[PDB]
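A.B. asks: The following file, target11.pdb, comprises PDB, C-alpha atoms:
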ATOM      1  CA  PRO W  18      48.772   6.312 -29.925  1.00  0.00           C
ATOM      2  CA  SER W  19      45.743   6.307 -27.611  1.00  0.00           C
ATOM      3  CA  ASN W  20      44.951   4.745 -24.250  1.00  0.00           C
ATOM      4  CA  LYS W  21      42.942   1.538 -24.581  1.00  0.00           C
ATOM      5  CA  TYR W  22      40.180   0.017 -22.493  1.00  0.00           C
ATOM      6  CA  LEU W  23      41.359  -2.551 -19.943  1.00  0.00           C
ATOM      7  CA  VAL W  24      38.403  -4.805 -20.744  1.00  0.00           C
ATOM      8  CA  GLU W  25      35.345  -4.384 -22.924  1.00  0.00           C
ATOM      9  CA  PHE W  26      32.368  -6.491 -23.935  1.00  0.00           C
ATOM     10  CA  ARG W  27      29.018  -6.053 -25.669  1.00  0.00           C
ATOM     11  CA  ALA W  28      26.121  -5.676 -23.238  1.00  0.00           C
ATOM     12  CA  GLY W  29      22.814  -3.894 -22.884  1.00  0.00           C
ATOM     13  CA  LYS W  30      21.350  -2.205 -19.825  1.00  0.00           C
ATOM     14  CA  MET W  31      18.316  -3.052 -17.733  1.00  0.00           C
ATOM     15  CA  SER W  32      16.358  -0.897 -15.288  1.00  0.00           C
ATOM     16  CA  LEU W  33      14.891  -1.739 -11.900  1.00  0.00           C
ATOM     17  CA  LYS W  34      11.537  -0.233 -10.945  1.00  0.00           C
ATOM     18  CA  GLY W  35       9.834  -1.431  -7.805  1.00  0.00           C
ATOM     19  CA  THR W  36      10.938  -5.062  -7.880  1.00  0.00           C
ATOM     20  CA  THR W  37      10.910  -5.562 -11.670  1.00  0.00           C
ATOM     21  CA  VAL W  38      14.056  -5.445 -13.836  1.00  0.00           C
ATOM     22  CA  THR W  39      13.249  -4.666 -17.486  1.00  0.00           C
ATOM     23  CA  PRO W  40      15.763  -4.671 -20.366  1.00  0.00           C
ATOM     24  CA  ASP W  41      16.743  -1.727 -22.497  1.00  0.00           C
ATOM     25  CA  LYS W  42      16.887  -3.076 -26.049  1.00  0.00           C
ATOM     26  CA  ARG W  43      19.839  -0.995 -27.268  1.00  0.00           C
ATOM     27  CA  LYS W  44      23.165  -2.428 -28.354  1.00  0.00           C
ATOM     28  CA  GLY W  45      25.800  -1.307 -25.873  1.00  0.00           C
ATOM     29  CA  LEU W  46      29.338  -1.824 -24.623  1.00  0.00           C
ATOM     30  CA  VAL W  47      30.601  -2.136 -21.053  1.00  0.00           C
ATOM     31  CA  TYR W  48      34.237  -1.175 -20.593  1.00  0.00           C
ATOM     32  CA  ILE W  49      36.741  -0.327 -17.879  1.00  0.00           C
ATOM     33  CA  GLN W  50      39.179   2.495 -18.559  1.00  0.00           C
ATOM     34  CA  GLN W  51      41.991   3.877 -16.446  1.00  0.00           C
ATOM     35  CA  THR W  52      42.342   7.602 -16.957  1.00  0.00           C
ATOM     36  CA  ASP W  53      45.756   9.201 -16.670  1.00  0.00           C
ATOM     37  CA  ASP W  54      45.025  10.355 -13.098  1.00  0.00           C
ATOM     38  CA  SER W  55      45.123   6.593 -12.367  1.00  0.00           C
ATOM     39  CA  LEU W  56      41.398   6.440 -11.618  1.00  0.00           C
ATOM     40  CA  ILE W  57      39.350   3.453 -12.718  1.00  0.00           C
ATOM     41  CA  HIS W  58      36.134   4.117 -14.644  1.00  0.00           C
ATOM     42  CA  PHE W  59      33.325   1.615 -15.211  1.00  0.00           C
ATOM     43  CA  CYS W  60      31.479   2.766 -18.325  1.00  0.00           C
ATOM     44  CA  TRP W  61      28.617   1.935 -20.648  1.00  0.00           C
ATOM     45  CA  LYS W  62      28.438   3.229 -24.222  1.00  0.00           C
ATOM     46  CA  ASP W  63      25.516   3.125 -26.640  1.00  0.00           C
ATOM     47  CA  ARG W  64      26.935   1.342 -29.690  1.00  0.00           C
ATOM     48  CA  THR W  65      24.569   3.026 -32.138  1.00  0.00           C
ATOM     49  CA  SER W  66      25.181   6.633 -31.182  1.00  0.00           C
ATOM     50  CA  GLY W  67      28.640   6.057 -29.693  1.00  0.00           C
ATOM     51  CA  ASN W  68      27.641   8.154 -26.659  1.00  0.00           C
ATOM     52  CA  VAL W  69      29.099   7.176 -23.286  1.00  0.00           C
ATOM     53  CA  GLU W  70      26.057   7.261 -21.032  1.00  0.00           C
ATOM     54  CA  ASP W  71      27.430   5.812 -17.773  1.00  0.00           C
ATOM     55  CA  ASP W  72      30.847   6.656 -16.351  1.00  0.00           C
ATOM     56  CA  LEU W  73      31.444   5.736 -12.719  1.00  0.00           C
ATOM     57  CA  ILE W  74      34.708   6.206 -10.825  1.00  0.00           C
ATOM     58  CA  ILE W  75      35.187   3.039  -8.791  1.00  0.00           C
ATOM     59  CA  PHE W  76      37.506   2.382  -5.857  1.00  0.00           C
ATOM     60  CA  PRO W  77      38.489  -0.969  -4.347  1.00  0.00           C
ATOM     61  CA  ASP W  78      35.648  -2.456  -2.281  1.00  0.00           C
ATOM     62  CA  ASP W  79      32.987  -0.114  -3.685  1.00  0.00           C
ATOM     63  CA  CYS W  80      31.481  -2.830  -5.845  1.00  0.00           C
ATOM     64  CA  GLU W  81      30.908  -6.407  -6.874  1.00  0.00           C
ATOM     65  CA  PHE W  82      30.021  -7.421 -10.439  1.00  0.00           C
ATOM     66  CA  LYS W  83      27.953 -10.585 -10.209  1.00  0.00           C
ATOM     67  CA  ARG W  84      25.840 -12.924 -12.280  1.00  0.00           C
ATOM     68  CA  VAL W  85      22.128 -12.584 -11.497  1.00  0.00           C
ATOM     69  CA  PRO W  86      20.740 -16.160 -11.330  1.00  0.00           C
ATOM     70  CA  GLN W  87      17.092 -14.981 -11.320  1.00  0.00           C
ATOM     71  CA  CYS W  88      17.045 -14.459 -15.125  1.00  0.00           C
ATOM     72  CA  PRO W  89      17.013 -17.635 -17.287  1.00  0.00           C
ATOM     73  CA  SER W  90      16.591 -15.973 -20.732  1.00  0.00           C
ATOM     74  CA  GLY W  91      19.863 -14.066 -20.737  1.00  0.00           C
ATOM     75  CA  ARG W  92      23.202 -13.672 -19.043  1.00  0.00           C
ATOM     76  CA  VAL W  93      22.374 -10.868 -16.631  1.00  0.00           C
ATOM     77  CA  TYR W  94      24.980  -9.213 -14.435  1.00  0.00           C
ATOM     78  CA  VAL W  95      24.685  -6.569 -11.733  1.00  0.00           C
ATOM     79  CA  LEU W  96      27.190  -3.968 -10.603  1.00  0.00           C
ATOM     80  CA  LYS W  97      26.294  -3.811  -6.907  1.00  0.00           C
ATOM     81  CA  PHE W  98      27.518  -0.990  -4.668  1.00  0.00           C
ATOM     82  CA  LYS W  99      28.176  -2.861  -1.459  1.00  0.00           C
ATOM     83  CA  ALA W 100      27.449   0.031   0.910  1.00  0.00           C
ATOM     84  CA  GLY W 101      23.951   0.998  -0.252  1.00  0.00           C
ATOM     85  CA  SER W 102      21.118   0.272  -2.672  1.00  0.00           C
ATOM     86  CA  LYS W 103      22.815   1.371  -5.910  1.00  0.00           C
ATOM     87  CA  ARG W 104      22.635  -1.299  -8.623  1.00  0.00           C
ATOM     88  CA  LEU W 105      23.310  -1.230 -12.361  1.00  0.00           C
ATOM     89  CA  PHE W 106      22.045  -4.168 -14.433  1.00  0.00           C
ATOM     90  CA  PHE W 107      23.422  -5.437 -17.749  1.00  0.00           C
ATOM     91  CA  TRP W 108      22.658  -8.252 -20.177  1.00  0.00           C
ATOM     92  CA  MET W 109      25.429  -9.787 -22.245  1.00  0.00           C
ATOM     93  CA  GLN W 110      25.234  -9.199 -25.992  1.00  0.00           C
ATOM     94  CA  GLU W 111      28.118 -11.353 -27.199  1.00  0.00           C
ATOM     95  CA  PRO W 112      26.633 -14.163 -29.337  1.00  0.00           C
ATOM     96  CA  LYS W 113      28.417 -16.895 -27.375  1.00  0.00           C
ATOM     97  CA  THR W 114      29.044 -17.269 -23.665  1.00  0.00           C
ATOM     98  CA  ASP W 115      32.658 -18.498 -23.756  1.00  0.00           C
ATOM     99  CA  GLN W 116      34.154 -15.213 -22.495  1.00  0.00           C
ATOM    100  CA  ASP W 117      31.363 -14.224 -20.067  1.00  0.00           C
ATOM    101  CA  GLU W 118      33.055 -15.572 -16.937  1.00  0.00           C
ATOM    102  CA  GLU W 119      36.472 -14.210 -17.904  1.00  0.00           C
ATOM    103  CA  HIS W 120      34.889 -10.804 -18.543  1.00  0.00           C
ATOM    104  CA  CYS W 121      33.236 -10.967 -15.113  1.00  0.00           C
ATOM    105  CA  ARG W 122      36.551 -11.916 -13.495  1.00  0.00           C
ATOM    106  CA  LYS W 123      38.373  -9.069 -15.218  1.00  0.00           C
ATOM    107  CA  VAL W 124      35.771  -6.492 -14.180  1.00  0.00           C
ATOM    108  CA  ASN W 125      36.051  -7.520 -10.542  1.00  0.00           C
ATOM    109  CA  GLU W 126      39.838  -7.652 -10.717  1.00  0.00           C
ATOM    110  CA  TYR W 127      40.209  -4.177 -12.218  1.00  0.00           C
ATOM    111  CA  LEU W 128      37.600  -2.590  -9.925  1.00  0.00           C
ATOM    112  CA  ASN W 129      38.875  -4.160  -6.725  1.00  0.00           C
ATOM    113  CA  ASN W 130      42.586  -4.112  -7.062  1.00  0.00           C
ATOM    114  CA  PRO W 131      44.430  -0.832  -6.373  1.00  0.00           C
TER
ATOM    115  CA  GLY K 938      28.033 -10.489 -38.187  1.00  0.00           C
ATOM    116  CA  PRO K 939      26.707 -13.341 -36.042  1.00  0.00           C
ATOM    117  CA  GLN K 940      23.324 -12.518 -34.559  1.00  0.00           C
ATOM    118  CA  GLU K 941      23.420 -11.141 -31.032  1.00  0.00           C
ATOM    119  CA  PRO K 942      21.005 -12.502 -28.435  1.00  0.00           C
ATOM    120  CA  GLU K 943      17.535 -11.168 -28.014  1.00  0.00           C
ATOM    121  CA  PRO K 944      16.818  -9.193 -24.838  1.00  0.00           C
ATOM    122  CA  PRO K 945      15.977 -11.232 -21.749  1.00  0.00           C
ATOM    123  CA  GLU K 946      12.523 -11.267 -20.268  1.00  0.00           C
ATOM    124  CA  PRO K 947      11.855  -8.965 -17.308  1.00  0.00           C
ATOM    125  CA  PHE K 948      12.437 -10.568 -13.938  1.00  0.00           C
ATOM    126  CA  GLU K 949      11.871  -9.970 -10.239  1.00  0.00           C
ATOM    127  CA  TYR K 950      14.697  -8.594  -8.089  1.00  0.00           C
ATOM    128  CA  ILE K 951      14.240  -8.195  -4.342  1.00  0.00           C
TER
ATOM    129  CA  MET A   1      26.939  12.259  12.077  1.00  0.00           C
ATOM    130  CA  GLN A   2      30.260  10.499  11.555  1.00  0.00           C
ATOM    131  CA  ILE A   3      31.721   9.873   8.099  1.00  0.00           C
ATOM    132  CA  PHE A   4      35.130   8.763   6.892  1.00  0.00           C
ATOM    133  CA  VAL A   5      37.447  10.236   4.275  1.00  0.00           C
ATOM    134  CA  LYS A   6      40.252   8.122   2.807  1.00  0.00           C
ATOM    135  CA  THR A   7      42.700   8.497  -0.104  1.00  0.00           C
ATOM    136  CA  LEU A   8      43.568   5.343  -2.069  1.00  0.00           C
ATOM    137  CA  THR A   9      46.847   4.872  -0.171  1.00  0.00           C
ATOM    138  CA  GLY A  10      46.622   7.463   2.598  1.00  0.00           C
ATOM    139  CA  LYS A  11      45.281   7.872   6.085  1.00  0.00           C
ATOM    140  CA  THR A  12      41.680   7.513   7.083  1.00  0.00           C
ATOM    141  CA  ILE A  13      40.142  10.411   8.938  1.00  0.00           C
ATOM    142  CA  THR A  14      36.761  10.802  10.543  1.00  0.00           C
ATOM    143  CA  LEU A  15      34.670  13.933  10.162  1.00  0.00           C
ATOM    144  CA  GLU A  16      31.664  15.211  12.053  1.00  0.00           C
ATOM    145  CA  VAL A  17      29.168  16.453   9.468  1.00  0.00           C
ATOM    146  CA  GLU A  18      25.496  17.075   8.964  1.00  0.00           C
ATOM    147  CA  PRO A  19      23.321  16.179   5.955  1.00  0.00           C
ATOM    148  CA  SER A  20      23.051  19.913   5.157  1.00  0.00           C
ATOM    149  CA  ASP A  21      26.810  20.333   4.866  1.00  0.00           C
ATOM    150  CA  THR A  22      27.864  21.351   1.387  1.00  0.00           C
ATOM    151  CA  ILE A  23      30.717  19.660  -0.435  1.00  0.00           C
ATOM    152  CA  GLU A  24      32.800  22.825   0.018  1.00  0.00           C
ATOM    153  CA  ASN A  25      32.084  22.658   3.773  1.00  0.00           C
ATOM    154  CA  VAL A  26      33.434  19.099   3.795  1.00  0.00           C
ATOM    155  CA  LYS A  27      36.559  20.131   1.859  1.00  0.00           C
ATOM    156  CA  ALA A  28      37.114  22.878   4.435  1.00  0.00           C
ATOM    157  CA  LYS A  29      36.853  20.307   7.234  1.00  0.00           C
ATOM    158  CA  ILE A  30      39.432  18.118   5.450  1.00  0.00           C
ATOM    159  CA  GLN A  31      41.737  21.121   5.160  1.00  0.00           C
ATOM    160  CA  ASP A  32      41.326  21.837   8.866  1.00  0.00           C
ATOM    161  CA  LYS A  33      42.209  18.267   9.816  1.00  0.00           C
ATOM    162  CA  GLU A  34      44.839  17.375   7.168  1.00  0.00           C
ATOM    163  CA  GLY A  35      46.098  20.698   5.767  1.00  0.00           C
ATOM    164  CA  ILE A  36      45.088  19.856   2.178  1.00  0.00           C
ATOM    165  CA  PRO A  37      43.824  22.933   0.279  1.00  0.00           C
ATOM    166  CA  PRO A  38      40.296  22.527  -1.115  1.00  0.00           C
ATOM    167  CA  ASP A  39      41.432  23.130  -4.699  1.00  0.00           C
ATOM    168  CA  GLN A  40      43.556  19.972  -4.497  1.00  0.00           C
ATOM    169  CA  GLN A  41      40.634  17.787  -3.335  1.00  0.00           C
ATOM    170  CA  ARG A  42      38.278  15.688  -5.420  1.00  0.00           C
ATOM    171  CA  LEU A  43      35.713  13.718  -3.458  1.00  0.00           C
ATOM    172  CA  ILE A  44      34.055  10.645  -4.954  1.00  0.00           C
ATOM    173  CA  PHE A  45      31.180   8.559  -3.593  1.00  0.00           C
ATOM    174  CA  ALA A  46      29.202   5.717  -5.180  1.00  0.00           C
ATOM    175  CA  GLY A  47      30.891   6.311  -8.517  1.00  0.00           C
ATOM    176  CA  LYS A  48      30.235  10.065  -8.676  1.00  0.00           C
ATOM    177  CA  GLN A  49      32.503  13.033  -8.219  1.00  0.00           C
ATOM    178  CA  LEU A  50      30.821  15.281  -5.675  1.00  0.00           C
ATOM    179  CA  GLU A  51      30.302  18.803  -6.926  1.00  0.00           C
ATOM    180  CA  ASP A  52      30.675  22.055  -5.107  1.00  0.00           C
ATOM    181  CA  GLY A  53      27.289  23.596  -4.440  1.00  0.00           C
ATOM    182  CA  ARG A  54      25.593  20.346  -3.448  1.00  0.00           C
ATOM    183  CA  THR A  55      25.013  18.869   0.001  1.00  0.00           C
ATOM    184  CA  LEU A  56      25.722  15.470   1.482  1.00  0.00           C
ATOM    185  CA  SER A  57      21.928  14.948   1.553  1.00  0.00           C
ATOM    186  CA  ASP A  58      21.762  15.585  -2.207  1.00  0.00           C
ATOM    187  CA  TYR A  59      24.055  12.593  -2.717  1.00  0.00           C
ATOM    188  CA  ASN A  60      22.327  10.318  -0.184  1.00  0.00           C
ATOM    189  CA  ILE A  61      25.455  10.191   1.918  1.00  0.00           C
ATOM    190  CA  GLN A  62      24.486   8.610   5.218  1.00  0.00           C
ATOM    191  CA  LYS A  63      26.236   8.053   8.521  1.00  0.00           C
ATOM    192  CA  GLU A  64      29.431   5.982   8.418  1.00  0.00           C
ATOM    193  CA  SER A  65      29.844   6.483   4.671  1.00  0.00           C
ATOM    194  CA  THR A  66      33.381   6.644   3.298  1.00  0.00           C
ATOM    195  CA  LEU A  67      34.174   9.398   0.827  1.00  0.00           C
ATOM    196  CA  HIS A  68      37.105   8.682  -1.480  1.00  0.00           C
ATOM    197  CA  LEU A  69      39.578  11.563  -1.593  1.00  0.00           C
ATOM    198  CA  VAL A  70      41.675  12.031  -4.743  1.00  0.00           C
ATOM    199  CA  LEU A  71      44.496  14.566  -4.607  1.00  0.00           C
ATOM    200  CA  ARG A  72      46.322  16.445  -7.299  1.00  0.00           C
TER
END
Show how you would write the structure in this file as structure tokens.
C.D. replies:
Amino acid sequence: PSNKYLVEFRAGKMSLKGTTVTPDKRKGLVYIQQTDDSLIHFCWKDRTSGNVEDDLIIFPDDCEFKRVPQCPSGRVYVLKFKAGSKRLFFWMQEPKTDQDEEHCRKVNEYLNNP
Amino acid sequence: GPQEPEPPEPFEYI
Amino acid sequence: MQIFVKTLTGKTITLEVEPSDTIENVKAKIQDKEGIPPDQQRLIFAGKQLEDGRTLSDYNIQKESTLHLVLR
């Protein structure tokens, strides 16, 4: 028996430089995990290596996870840290869109509820 | 498995 | 400069700090105000656990920031 992710979905990363957001081509996975100290972790894993390469401890009202309407060739989402300039960008990698909005809802619900 | 989408094009964020 | 420290369910406190204050200096200030020993404190900001040996400036912590305090 092992603790399971609260939500997970396939997604790649993108990087912002200056004003330009450019995709990273790797297959990845966004997930939210509650560790046994009750803390909530927003994570990104490289699906090819299996390496967890982002692991952020998030508290209620730190963040919003929002669709980015400025990109028409993908389903791009941003984890925005409301207090400063920190932003993490992701592009959905599920073949269909029919769970995108539910995944977005669940991310916001788990990050912003105590 | 079903083919995953191609990466999006770069875009402007300000 | 003024910052805030808050546990998930606990009190908010204010601290007077400078950008050059180290994380261990901040934990000592929390102990002075709340009686919590430094070894029982984890401080988190912008998704990152703040490590002893670094300063507030290293983490871009600016005035009126809230640090999240997690206790054992």
A.B. asks: For residue 63 (chain A), which residue among A:26, A:6, A:18, A:13 is the nearest when counting all atoms listed in the file?
C.D. replies: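 Smallest separation from residue 63 (chain A) among the options: A:18.
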A.B. asks: Can you turn the PyMOL selection byres ((chain K and resi 949) around 12) into a concrete residue list for this file, as a VMD selection string?
C.D. replies: (chain W and resid 32 to 39 85 to 89) or (chain K and resid 946 to 948 950 to 951)
A.B. asks: As a check of understanding, name the residues that the PyMOL selection byres ((chain W and resi 120) around 12) selects in the supplied structure, as a list in words.
C.D. replies: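 Applying the expression gives residues 23, 24, 25, 26, 27, 28, 47, 48, 49, 82, 83, 84, 94, 109, 111, 114, 115, 116, 117, 118, 119, 121, 122, 123, 124, 125, 126 and 127 of chain W.
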A.B. asks: Write a file of the selected residues as a JSON list (two decimals), keeping the file's coordinate frame, keeping C-alpha atoms.
C.D. replies:
[["chain", "number", "residue", "atom", "x", "y", "z"],
["W", 23, "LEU", "CA", 41.36, -2.55, -19.94],
["W", 24, "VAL", "CA", 38.40, -4.80, -20.74],
["W", 25, "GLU", "CA", 35.34, -4.38, -22.92],
["W", 26, "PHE", "CA", 32.37, -6.49, -23.94],
["W", 27, "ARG", "CA", 29.02, -6.05, -25.67],
["W", 28, "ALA", "CA", 26.12, -5.68, -23.24],
["W", 47, "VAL", "CA", 30.60, -2.14, -21.05],
["W", 48, "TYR", "CA", 34.24, -1.18, -20.59],
["W", 49, "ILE", "CA", 36.74, -0.33, -17.88],
["W", 82, "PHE", "CA", 30.02, -7.42, -10.44],
["W", 83, "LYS", "CA", 27.95, -10.58, -10.21],
["W", 84, "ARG", "CA", 25.84, -12.92, -12.28],
["W", 94, "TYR", "CA", 24.98, -9.21, -14.44],
["W", 109, "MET", "CA", 25.43, -9.79, -22.24],
["W", 111, "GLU", "CA", 28.12, -11.35, -27.20],
["W", 114, "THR", "CA", 29.04, -17.27, -23.66],
["W", 115, "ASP", "CA", 32.66, -18.50, -23.76],
["W", 116, "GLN", "CA", 34.15, -15.21, -22.50],
["W", 117, "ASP", "CA", 31.36, -14.22, -20.07],
["W", 118, "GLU", "CA", 33.06, -15.57, -16.94],
["W", 119, "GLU", "CA", 36.47, -14.21, -17.90],
["W", 121, "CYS", "CA", 33.24, -10.97, -15.11],
["W", 122, "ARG", "CA", 36.55, -11.92, -13.50],
["W", 123, "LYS", "CA", 38.37, -9.07, -15.22],
["W", 124, "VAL", "CA", 35.77, -6.49, -14.18],
["W", 125, "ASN", "CA", 36.05, -7.52, -10.54],
["W", 126, "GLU", "CA", 39.84, -7.65, -10.72],
["W", 127, "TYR", "CA", 40.21, -4.18, -12.22]]
A.B. asks: Return as a Markdown table the residues of chain A lying at most 10 Å from chain W, together with the closest atom-to-atom pair for each and the distance in Å to one decimal, counting only C-alpha atoms, with rows in chain order and ascending residue number.
C.D. replies:
| residue | atom | partner | partner_atom | distance |
| --- | --- | --- | --- | --- |
| A:7 | CA | W:76 | CA | 9.9 |
| A:8 | CA | W:131 | CA | 7.6 |
| A:9 | CA | W:131 | CA | 8.8 |
| A:44 | CA | W:74 | CA | 7.4 |
| A:45 | CA | W:74 | CA | 8.4 |
| A:46 | CA | W:98 | CA | 6.9 |
| A:47 | CA | W:73 | CA | 4.3 |
| A:48 | CA | W:73 | CA | 6.0 |
| A:49 | CA | W:74 | CA | 7.6 |
| A:60 | CA | W:101 | CA | 9.5 |
| A:61 | CA | W:101 | CA | 9.6 |
| A:62 | CA | W:101 | CA | 9.4 |
| A:64 | CA | W:100 | CA | 9.8 |
| A:65 | CA | W:100 | CA | 7.8 |
| A:66 | CA | W:100 | CA | 9.2 |
| A:68 | CA | W:76 | CA | 7.7 |
| A:70 | CA | W:56 | CA | 8.9 |
| A:71 | CA | W:54 | CA | 9.5 |
| A:72 | CA | W:54 | CA | 8.5 |
A.B. asks: Tell me which protein, DNA and RNA residues are within 10 Å of residue 33 (chain A), counting all atoms listed in the file, leaving out same-chain ones fewer than 6 positions away, and put them as a PyMOL selection string.
C.D. replies: chain A and resi 13-15+27
A.B. asks: Quick check, in Å to one decimal: how far apart do CA of residue 943 (chain K) and CA of residue 69 (chain W) lie?
C.D. replies: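 Straight-line distance from CA of residue 943 (chain K) to CA of residue 69 (chain W) works out to 22.2 Å.
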A.B. asks: Using the chain letters and numbers from this file, what does the PyMOL selection byres ((chain A and resi 22) around 7) select? Give the answer as a PDB file with C-alpha atoms, keeping the file's coordinate frame.
C.D. replies:
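So the final result, stored in result39.pdb, reads:
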ATOM      1  CA  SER A  20      23.051  19.913   5.157  1.00  0.00           C
ATOM      2  CA  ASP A  21      26.810  20.333   4.866  1.00  0.00           C
ATOM      3  CA  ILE A  23      30.717  19.660  -0.435  1.00  0.00           C
ATOM      4  CA  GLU A  24      32.800  22.825   0.018  1.00  0.00           C
ATOM      5  CA  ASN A  25      32.084  22.658   3.773  1.00  0.00           C
ATOM      6  CA  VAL A  26      33.434  19.099   3.795  1.00  0.00           C
ATOM      7  CA  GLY A  53      27.289  23.596  -4.440  1.00  0.00           C
ATOM      8  CA  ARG A  54      25.593  20.346  -3.448  1.00  0.00           C
ATOM      9  CA  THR A  55      25.013  18.869   0.001  1.00  0.00           C
ATOM     10  CA  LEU A  56      25.722  15.470   1.482  1.00  0.00           C
TER      11      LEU A  56
END
A.B. asks: At what distance in Å, to one decimal, does CA of residue 60 (chain W) lie from CA of residue 21 (chain W)?
C.D. replies: 13.1 Å
A.B. asks: What is the distance between CA of residue 61 (chain W) and CA of residue 5 (chain A), in Å to one decimal?
C.D. replies: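 Separation between CA of residue 61 (chain W) and CA of residue 5 (chain A): 27.7 Å.
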A.B. asks: With 5 Å on each side, where is the centre of the axis-aligned box around all listed atoms of chain K, and how long are its edges in Å to one decimal, as lines of an AutoDock Vina configuration file?
C.D. replies:
center_x = 19.9
center_y = -10.8
center_z = -21.3
size_x = 26.2
size_y = 15.1
size_z = 43.8
A.B. asks: Closest to chain K among W:104, W:97, W:30, W:42, using only C-alpha atoms?
C.D. replies: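 Among the listed residues, the smallest separation from chain K belongs to W:42.
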A.B. asks: Give me the residues within 7 Å of residue 945 (chain K) as a ChimeraX atom specification, counting only C-alpha atoms and dropping any in the same chain fewer than 4 places off.
C.D. replies: /W:40,90-91
A.B. asks: Need the neighbours of (18.4, -13.6, -33.0): which residues are at most 12 Å away, counting only C-alpha atoms, as a ChimeraX atom specification?
C.D. replies: /W:110-113 /K:938-945
A.B. asks: Rank A:43, A:30, A:69, A:36 by their smallest atom-to-atom distance to residue 10 (chain A), using all atoms listed in the file, and report the top residue only.
C.D. replies: A:69
